[PDB]
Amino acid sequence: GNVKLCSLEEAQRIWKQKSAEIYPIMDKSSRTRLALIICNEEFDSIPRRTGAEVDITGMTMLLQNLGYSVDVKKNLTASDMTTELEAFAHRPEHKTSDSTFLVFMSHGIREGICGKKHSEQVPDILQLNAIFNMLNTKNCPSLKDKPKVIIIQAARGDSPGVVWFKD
């Protein structure tokens, strides 16, 4: 991972111009940062998401390089994703971490992220509303006051989101 590192002078150059407007970070020696990647590549009745192996490799490596222990879970149902998110919320390493990253990669629709058993006939969907709920202050007190970065790759099966115009 080629993450451009932050120098000490540059770090305090950031710490000065914006004082108490920056989330506090724990010391490098005794912090236990966690990050969770759920990625669906193989599905029951919807097209295989090839080159997701490259997205997993990429994201893990990067998150690792930003100091996160990365779990990686593959090909789950919405019920399985929910359970997995529940487990992640009650991980004790959070109490001694300053933040977290969640990464979801799958097929998307209106409602949200497609599970593996999904079909347009028998829907298997996890909704974004549910991800936030399991990670909020109430249902996850250890991550309270700490930045939670959710990253979602949920391509909708639509026509390209571009248009032509006369110039």
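Counting begins at 1, following the sequence as shown.
With 42-50 and 138-146 compared on mean CA B-factor from the PDB entry, the stretch scoring higher is 42-50.
Averaged over CA atoms, B-factors in the entry run higher in 104-112 than in the other of 104-112 and 66-74.
Out of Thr60, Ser99, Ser29, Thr32, it is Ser29 whose C-alpha atom has the highest B-factor in the PDB entry. The top Cα temperature factor in the record, among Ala154, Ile25, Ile22, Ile151, falls on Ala154. Sort the chain's modelled residues by C-alpha temperature factor and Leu36 lands in the lowest third, per the entry. Ranked within its chain, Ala130 lands in the middle third, by CA B factor from the PDB record.
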